[PDB]
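Some notes on the structure that comes next.
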Amino acid sequence: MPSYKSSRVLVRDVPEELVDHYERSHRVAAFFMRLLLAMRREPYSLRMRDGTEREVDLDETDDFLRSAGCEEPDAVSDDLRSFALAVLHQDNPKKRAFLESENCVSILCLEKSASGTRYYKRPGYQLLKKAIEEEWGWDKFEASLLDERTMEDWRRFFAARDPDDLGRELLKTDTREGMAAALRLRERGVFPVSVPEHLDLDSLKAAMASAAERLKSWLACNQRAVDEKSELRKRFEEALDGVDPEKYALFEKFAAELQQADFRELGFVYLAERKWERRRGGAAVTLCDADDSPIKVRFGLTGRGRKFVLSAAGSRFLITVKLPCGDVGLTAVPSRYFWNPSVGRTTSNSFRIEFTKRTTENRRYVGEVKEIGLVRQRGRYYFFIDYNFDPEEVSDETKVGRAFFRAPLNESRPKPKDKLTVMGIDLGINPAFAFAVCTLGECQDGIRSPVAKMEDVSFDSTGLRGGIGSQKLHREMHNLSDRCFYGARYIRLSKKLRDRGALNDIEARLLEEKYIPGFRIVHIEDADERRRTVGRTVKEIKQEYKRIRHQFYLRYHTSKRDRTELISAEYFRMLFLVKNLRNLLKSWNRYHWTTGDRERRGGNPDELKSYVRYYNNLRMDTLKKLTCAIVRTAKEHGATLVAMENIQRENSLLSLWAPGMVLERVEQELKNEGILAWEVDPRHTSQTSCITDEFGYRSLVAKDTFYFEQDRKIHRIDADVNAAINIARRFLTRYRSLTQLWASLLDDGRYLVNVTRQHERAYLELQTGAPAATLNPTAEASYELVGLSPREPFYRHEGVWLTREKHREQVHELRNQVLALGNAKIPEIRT
RNA sequence: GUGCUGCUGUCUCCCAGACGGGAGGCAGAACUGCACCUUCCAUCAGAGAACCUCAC
DNA sequence: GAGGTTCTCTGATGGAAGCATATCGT
DNA sequence: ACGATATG
């Protein structure tokens with residue numbers, strides 16, 4: 001599997017011949033879609049351009065196979081089935097009939113084809129014989145053939161040159177079943193299909209590639225659906241026998257009368273009947289179309305399709321597709337992705353393209369093009385320049401570095417034995433991310449961190465990135481987003497003022513004490529004039545939203561351009577402001593939804609498409625910029641190991657992205673730049689000091705300052721640096737210190753430690769001496785680990801393992817000191 | 001190329017109706033900034049909305 | 001925050017993708 | 001040596 005990065009380039013004046021080739025390629029690809037399914041001789045479901053699903057019967061397969069050439073489709077049935085499953089990759093991966101699904105069209109489509117009657121590349125037999133007959137002594141052949149075969153014919157195979165004889169014997173003894181089926185069909189003279197449009201071999205390869213890949217995907221999904229339905233039915237039938245008697249005949253009538261109006265064993269059994277029945281067993285077949293579901297009309301340089309000669313002049317590409325009708329020259333609209341490109345024909349059927357994506361530096365990127373693909377969108381054509389790239393080299397020393405620091409203490413993986421650079425990364429929204437960088441073998445001055453089995457390290461480089469660029473804009477994106485949230489609730493109640501009378505009691509202080517101050521609307525009692533007073537605010541909401549979006553636009557088109565950061569905390573506030581504005585606009589659009597009225601299958605089908613498009617675009621842009629700043633921060637400091645918080649474990653990156661796809665993108669782009677990363681457990685990183693390794697206070701009024709005590713003097717430090725170091729410190733110490741153990745009580749105050757994870761197993765050994773331990777109580781409401789010779793949270797503190805009630809009070813006792821003392825008398829750490 | 005990403009003027013369909021909101025098209029003006037692997041497909045779950053029912 | 005209702009859109013979590021060599025024959 | 005197949 002090569003590495004792949006891709007982009008699109010526009011072509012404007014497409015000649016009629018290429019348009020015809022495009023459409024014919026889709027039509028033939030649809031023909032392949034249909035003919036493979038027909039040869040499967042298994043009925044399926046076709047989803048038309050509309051939502052309707054059609055049950056294509058066996059007759060529609062039979063008559064189509066009749067048209068395609070098979071005048072007696074039933075008589076040759078098993079043989080067609082075997083060929084069909086071969087091109088769709090339903091045979092064994094080793095010794096496959098067609099390693100590339102395309103390679104069947106020589107036998108399927110042509111008229112005088114020699115495919116299937118060759119031995120020149122038969123694996124390891126003809127090549128071995130041809131090699132030995134030249135410069136070997138007829139003795140290592142025995143070793144080579146015994147090695148693979150662990151018969152007397154092999155003696156004659158090397159007794160003479162006999163290439164044709166061995167080829168014939170291999171084609172006889174070794175018959176890949178998918179090709180034997182095709183030869184049998186062509187012997188009957190029914191296999192060469194009548195392709196509706198006349199295309200040469202190269203274009204038929206390209207069509208069959210896409211048709212076959214669509215069939216392979218759909219077949220895999222169908223098999224998954226069938227297997228899942230079978231397994232769920234197995235679970236239901238296992239549960240049905242169980243212990244429940246035939247009394248389950250009654251919950252049927254019970255559910256009937258319930259749904260007409262609309263027990264543990266009865267309810268659970270009911271779910272299985274409903275869950276099993278509604279699940280589909282088969283997927284839908286979506287046939288290819290020119291405009292509905294386009295396929296890439298691929299043009300390869302080895303046989304996949306018509307060859308192309310990619311060139312470049314100035315700041316744009318020059319594509320020439322060598323069609324059978326003639327050479328067709330296309331010029332490319334210049335792309336900032338492949339800006340100022342240079343092209344070069346290589347010695348391996350490829351073009352070496354060197355271009356420049358970004359505009360900050362002039363860094364030139366190198367890739368190889370080996371296939372170009374053609375699609376259309378909104379009647380406008382495109383080529384997919386799907387190129388390759390070699391990722392940056394990662395030292396074998398980094399791999400031994402990553403394995404060592406990842407391992408729990410009870411594993412003994414080797415020391416890195418070199419000077420690595422480790423990174424600490426926290427992730428937030430206002431503080432997009434913060435970092436701490438340490439160098440192994442070099443501790444000079446800073447927050448010194450233990451390193452497992454090595455000397456300590458000092459974090460020289462520390463910083464907070466992302467952040468709020470302009471203070472005013474961030475506050476305005478927050479005032480409006482608060483208003484947009486509170487208007488959606490307000491007009492839910494507003495209608496009930498007019499729809500009902502005097503509302504209720506639970507709402508009364510919910511409307512007055514919370515919603516009126518929020519939506520900033522004066523309350524009028526007369527219903528007719530409540531529509532006007534609510535409409536003018538929604539106008540005023542848009543009128544100030546447009547202002548904000550325009551000032552957000554001008555972050556890139558003023559003299560403030562130089563100060564505009566790569567990523568800001570405004571990227572996330574805008575996303576929520578777009579989100580809340582969407583709900584409010586949706587709610588006001590249904591201000592007329594009155595009495596009992598519901599959303600219909602029709603109505604308005606394009607509602608708020610501009611906002612949804614802006615929502616997805618802003619997110620995709622935010623994550624790409626977020627990854628760049630992280631990777632830019634990693635490369636600059638010489639980092640090769642990145643410790644990240646496992647965020648899988650409002651004001652969070654969650655509710656904007658899935659918990660994982662954020663981390664996946666960062667790791668992928670780090671690995672392209674030759675930087676390995678690991679996910680560190682993000683427990684107690686924001687509540688534990690990185691200096692004293694003791695619990696502190698995360699200030700609620702100010703979420704950037706973390707208070708702890710050192711030498712009985714209260715200190716403060718940035719809570720993003722504090723967590724960034726605590727993520728890196730955990731990695732370098734191999735999670736040596738834990739701050740929480742789960743324990744369960746059996747009797748008389750002996751809380752038994754629940755060992756679930758291997759990190760707890762190793763930890764107890766370094767203190768107790770056994771892979772298990774107990775908590776004995778002491779005089780001052782504390783505990784102590786003992787350890788046993790062969791669930792309630794507990795918090796460490798000063799070697800005492802206090803409980804949640806007394807851990808909260810210790811945190812609370814420190815808060816009172818902070819509030820009493822004040823930030824003026826609490827010194828700063830970083831600088 | 002696709003986005004971040006809008007402004008002015010003018011024009012057409014739609015939902016409310018005389019408060020307002022949502023799709024779009026051409027026309028210029030302003031701006032030389034940041035980033036950018038993406039195509040296709042099938043299942044099964046969520047978000048919020050909104051109508052019928054609750055006092056949390 | 002109780003509890004099916006009917007629809008769009010993610011969103012989940014998968015699936016298939018984005019070419020090599022080999023020789024004959026002129 | 002390049003083209004026309006063919007198949008790892």
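By convention in this document, the chains of the structure tokens carry letters A, B, ... by their order, each chain's residues are numbered from 1, and ligands are numbered from 1 in the order they are shown.
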
Problem set entry | Residues flagged strand (DSSP E) by DSSP in region 4-246 of chain A, as a PyMOL selection string | chain A and resi 4-10+44-47+53-56

Problem set entry | Exercise answer, chain A residues close to chain B, 7 Å and only C-alpha atoms (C1' of nucleotides), as a ChimeraX atom specification | /A:4-10,217-218,221,283,335,531-532,535-536,550,553,556-557,561,566,589,596-598,606-608,617-618,621,624-625

Preceding selection exported with N, CA and C atoms as a CSV table (one decimal), in the first residue's frame:
```
chain,number,residue,atom,x,y,z
A,4,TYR,N,-0.7,8.1,-0.1
A,4,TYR,CA,-1.4,8.9,-1.2
A,4,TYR,C,-2.0,10.3,-0.8
A,5,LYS,N,-1.6,11.3,-1.5
A,5,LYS,CA,-2.3,12.6,-1.3
A,5,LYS,C,-2.8,13.1,-2.7
A,6,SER,N,-3.9,13.7,-2.7
A,6,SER,CA,-4.7,14.0,-3.9
A,6,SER,C,-5.2,15.4,-3.9
A,7,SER,N,-5.5,15.9,-5.1
A,7,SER,CA,-6.2,17.2,-5.3
A,7,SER,C,-6.8,17.1,-6.7
A,8,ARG,N,-7.6,18.2,-7.0
A,8,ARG,CA,-8.3,18.3,-8.3
A,8,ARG,C,-7.8,19.5,-9.0
A,9,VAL,N,-7.9,19.4,-10.4
A,9,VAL,CA,-7.5,20.5,-11.3
A,9,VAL,C,-8.6,20.5,-12.4
A,10,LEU,N,-9.0,21.8,-12.7
A,10,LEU,CA,-10.1,22.0,-13.6
A,10,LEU,C,-9.7,22.1,-15.0
A,217,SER,N,-17.2,-3.8,-3.0
A,217,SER,CA,-17.7,-3.1,-1.9
A,217,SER,C,-19.1,-3.5,-1.5
A,218,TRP,N,-20.0,-3.5,-2.5
A,218,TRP,CA,-21.4,-3.9,-2.2
A,218,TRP,C,-21.6,-5.3,-1.7
A,221,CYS,N,-20.5,-5.5,1.9
A,221,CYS,CA,-21.5,-5.0,2.8
A,221,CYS,C,-22.7,-6.0,2.9
A,283,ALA,N,-28.2,-5.4,1.1
A,283,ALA,CA,-28.0,-4.0,0.8
A,283,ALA,C,-28.6,-3.7,-0.6
A,335,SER,N,-3.7,25.8,-10.4
A,335,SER,CA,-4.2,25.4,-9.1
A,335,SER,C,-3.1,25.8,-8.1
A,531,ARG,N,-45.6,38.7,17.6
A,531,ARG,CA,-44.9,38.3,16.4
A,531,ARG,C,-44.0,39.4,15.8
A,532,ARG,N,-44.5,40.7,15.9
A,532,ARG,CA,-43.6,41.7,15.4
A,532,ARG,C,-42.4,41.9,16.4
A,535,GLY,N,-40.0,39.2,15.7
A,535,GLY,CA,-39.3,39.3,14.3
A,535,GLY,C,-38.2,40.3,14.3
A,536,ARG,N,-38.4,41.4,15.0
A,536,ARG,CA,-37.4,42.4,14.8
A,536,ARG,C,-36.0,42.0,15.5
A,550,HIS,N,-18.4,39.3,9.0
A,550,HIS,CA,-17.6,40.2,8.2
A,550,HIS,C,-16.3,40.6,8.8
A,553,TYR,N,-14.2,37.7,8.5
A,553,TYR,CA,-13.6,37.7,7.2
A,553,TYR,C,-12.4,38.6,7.1
A,556,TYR,N,-8.3,38.5,7.4
A,556,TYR,CA,-7.4,38.1,6.3
A,556,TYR,C,-7.2,39.1,5.3
A,557,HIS,N,-8.0,40.2,5.3
A,557,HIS,CA,-8.0,41.2,4.3
A,557,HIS,C,-7.9,42.6,4.9
A,561,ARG,N,-3.5,41.7,9.0
A,561,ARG,CA,-3.2,40.4,8.3
A,561,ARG,C,-2.0,39.8,8.9
A,566,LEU,N,-2.4,31.4,12.9
A,566,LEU,CA,-2.8,30.3,12.0
A,566,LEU,C,-4.1,29.7,12.5
A,589,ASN,N,-38.8,29.8,11.7
A,589,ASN,CA,-39.4,29.5,10.4
A,589,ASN,C,-40.7,28.7,10.7
A,596,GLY,N,-52.1,21.2,16.3
A,596,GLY,CA,-51.4,19.9,16.0
A,596,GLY,C,-51.0,19.9,14.6
A,597,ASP,N,-49.8,20.2,14.2
A,597,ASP,CA,-49.3,20.2,12.9
A,597,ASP,C,-47.8,19.7,12.9
A,598,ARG,N,-47.5,18.9,11.9
A,598,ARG,CA,-46.2,18.1,11.9
A,598,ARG,C,-45.5,18.4,10.6
A,606,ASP,N,-34.7,22.8,0.9
A,606,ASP,CA,-33.4,23.4,0.9
A,606,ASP,C,-33.2,24.4,2.0
A,607,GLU,N,-33.7,24.0,3.2
A,607,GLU,CA,-33.7,25.0,4.2
A,607,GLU,C,-32.3,25.1,4.9
A,608,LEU,N,-31.8,26.3,4.9
A,608,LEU,CA,-30.5,26.6,5.6
A,608,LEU,C,-29.3,25.8,5.0
A,617,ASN,N,-17.7,23.4,6.1
A,617,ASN,CA,-16.5,24.0,5.6
A,617,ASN,C,-15.7,24.6,6.7
A,618,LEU,N,-16.3,25.3,7.7
A,618,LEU,CA,-15.5,25.9,8.8
A,618,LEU,C,-14.9,24.8,9.6
A,621,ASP,N,-11.9,23.3,7.7
A,621,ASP,CA,-10.8,24.2,7.7
A,621,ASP,C,-10.1,24.4,9.1
A,624,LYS,N,-7.8,21.2,9.7
A,624,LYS,CA,-6.6,21.2,8.9
A,624,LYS,C,-5.6,22.2,9.4
A,625,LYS,N,-6.1,23.4,9.9
A,625,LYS,CA,-5.3,24.4,10.4
A,625,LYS,C,-4.8,23.9,11.8
```

For this session: Among the residues of region 424-615 of chain A, find those DSSP assigns to helix (DSSP H, G or I) from the backbone and print them as a PyMOL selection string.
Result: chain A and resi 471-499+508-519+528-553+559-561+570-589+609-615

For this session: Give me the residues within 12 Å of residue 466 (chain A) as a count of residues only, counting only C-alpha atoms (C1' of nucleotides) and dropping any in the same chain fewer than 4 places off.
Result: 29

Exercise. Could you write out as a list in words the residues of chain D within 12 Å of chain A, counting only C-alpha atoms (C1' of nucleotides)?
Worked result: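 Therefore, the residues near the partner are residues 4, 5, 6, 7 and 8 of chain D.
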
Go ahead and save the residues from that selection, with N, CA and C atoms (P, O5', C5', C4', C3', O3' and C1' of nucleotides), as a short mmCIF file (atom, residue, chain, number, x, y, z; two decimals), in the first residue's frame.
```
data_model
loop_
_atom_site.label_atom_id
_atom_site.label_comp_id
_atom_site.auth_asym_id
_atom_site.auth_seq_id
_atom_site.Cartn_x
_atom_site.Cartn_y
_atom_site.Cartn_z
P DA D 4 0.69 -1.40 -30.21
"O5'" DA D 4 0.37 -2.93 -29.88
"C5'" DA D 4 0.62 -3.92 -30.85
"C4'" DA D 4 0.38 -5.31 -30.28
"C3'" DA D 4 -0.84 -5.42 -29.37
"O3'" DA D 4 -1.47 -6.68 -29.56
"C1'" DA D 4 1.08 -6.05 -28.18
P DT D 5 -3.04 -6.84 -29.27
"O5'" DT D 5 -3.18 -6.46 -27.72
"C5'" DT D 5 -3.53 -7.46 -26.76
"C4'" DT D 5 -2.37 -8.40 -26.49
"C3'" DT D 5 -2.58 -9.36 -25.34
"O3'" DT D 5 -3.26 -10.51 -25.80
"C1'" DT D 5 -0.32 -8.53 -25.46
P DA D 6 -4.31 -11.25 -24.84
"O5'" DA D 6 -3.50 -11.46 -23.48
"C5'" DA D 6 -2.86 -12.70 -23.24
"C4'" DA D 6 -1.83 -12.58 -22.14
"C3'" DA D 6 -2.35 -12.70 -20.72
"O3'" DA D 6 -2.39 -14.06 -20.34
"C1'" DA D 6 -0.55 -11.11 -20.96
P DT D 7 -3.31 -14.54 -19.12
"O5'" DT D 7 -2.50 -14.09 -17.83
"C5'" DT D 7 -1.40 -14.87 -17.39
"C4'" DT D 7 -0.55 -14.10 -16.40
"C3'" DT D 7 -1.09 -14.04 -14.98
"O3'" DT D 7 -0.02 -14.21 -14.06
"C1'" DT D 7 -0.65 -11.88 -15.76
P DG D 8 -0.13 -15.25 -12.85
"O5'" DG D 8 1.20 -14.99 -12.01
"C5'" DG D 8 1.14 -14.30 -10.78
"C4'" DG D 8 2.39 -13.48 -10.55
"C3'" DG D 8 2.55 -12.92 -9.15
"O3'" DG D 8 3.93 -12.67 -8.87
"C1'" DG D 8 1.95 -11.19 -10.69
#
```

Exercise. Do you have the CA of residue 292 (chain A)-CA of residue 49 (chain A) distance handy?
Worked result: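 CA of residue 49 (chain A) lies at a distance of 7.2 Å from CA of residue 292 (chain A).
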
Problem set entry | Residue hits in chain C, query chain A, radius 8 Å, only C-alpha atoms (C1' of nucleotides), as a ChimeraX atom specification | /C:4,6-7,15-19,22-23

Problem set entry | Between CA of residue 809 (chain A) and CA of residue 706 (chain A) - distance in Å to one decimal |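 Taking CA of residue 706 (chain A) and CA of residue 809 (chain A), their separation equals 17.1 Å.
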